[PDB]
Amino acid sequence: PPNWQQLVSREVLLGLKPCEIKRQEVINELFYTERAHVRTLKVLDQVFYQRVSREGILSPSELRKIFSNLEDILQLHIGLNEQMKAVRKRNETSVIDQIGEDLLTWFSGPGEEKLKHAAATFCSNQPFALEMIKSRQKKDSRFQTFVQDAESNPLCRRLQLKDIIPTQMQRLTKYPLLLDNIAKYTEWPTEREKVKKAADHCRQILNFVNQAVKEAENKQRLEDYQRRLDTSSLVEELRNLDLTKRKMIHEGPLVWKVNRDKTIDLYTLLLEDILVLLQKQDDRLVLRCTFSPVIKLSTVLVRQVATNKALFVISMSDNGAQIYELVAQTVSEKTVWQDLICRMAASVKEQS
């Protein structure tokens, strides 16, 4: 059933406090939107994952990169939904009594660990999964066809695969507010304290998931940059350069004053241990030039320039020094560039 007061006899509702009616309504919101959530996840599963897997269009690795641990977030939310159903089945009144302890079972201890790890895996994979969907649409007619057919299913409600997948992350943003509202209409202190504790755990879970998502969006950006990387001009280190084997710390548009007469417009990447100088030539990102486009941070000294708001990046070999004059677009950003290059440069020189 959908409404709460529809369940309960009207003649037992007469006896409930107003605040107690609000409590029931908000517990019912948590239960109801969990059922809605489950239903959404069965759409991903039934319309997309199960069908495509049966058609054999995707490889084991493409499947994994698109859907990952869909199966476990599914079983998790069905189990959670079943436990919510059972809480109601405890009395024929359809009036729910105490719930703090259930919320603590669902969202702390092993319940917290299971949800946060499963959601962290599904959700942190999202940028990888959305890009793999586009790349298979772009390269494989059979999967483009499959996806277009599937999204025509009414269960999709005119929404694309790319738009349904993000339903897991959204759900996790909702738990804290749902539990705060239950707490709000909980009068008696021992019960309320439990509700609010579970609410804070839901916040902890969300923060763990969010941080994994951030880590992952940074890696998928790199993986994209690593794909577009064009070593056409290339001694051996440089042409096999793999951005993905270190984390990216910063990126932006710099300029490169090679002479007074000439200027190479760059897009530049500060990584853990190297600064990387690239050129935006249509789709590609070019690694080219005795002046290397990869500057080892282990040798770098940086200094502001008295005469634009540029910097001298100065690489030290056993010979002497090369100097890159790199000019950012504002004063504010070159202070970030300077501050971060030096942070990373002094970190590598420290680890020696």
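Heads up: residue numbers just count along the shown sequence, starting at 1.
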Mind giving me a quick count class for deposited residues absent from the model between residue 289 and residue 290? Options are none, 1 to 3, 4 to 9, 10 or more.
10 or more
Missing from the model but present in the deposited sequence, between residue 234 and residue 235:
4 to 9
Residue range whose averaged C-alpha B-factor is higher in the record, 84 to 92 or 141 to 149:
84 to 92
So which stretch wins on mean C-alpha B-factor, 274 to 282 or 195 to 203?
274 to 282
If you check the C-alpha B-factor for each of 116, 162, 239, 134 in the entry, which is highest?
239
Name the one of 36, 52, 311, 27 with the greatest CA B-factor according to the PDB entry.
311
Going by the entry, which third of its chain does the Cα temperature factor of residue 297 land in?
highest
How does residue 14 rank on Cα B-factor within its chain, lowest, middle or highest third?
lowest
Residue 263 by Cα B-factor - lowest, middle or highest third of the modelled chain:
highest
Chain-relative C-alpha B factor for residue 251 (record values, thirds): the highest
Report the third (lowest, middle or highest) to which the CA temperature factor of residue 56 belongs, ranking only the modelled residues of the same chain.
middle
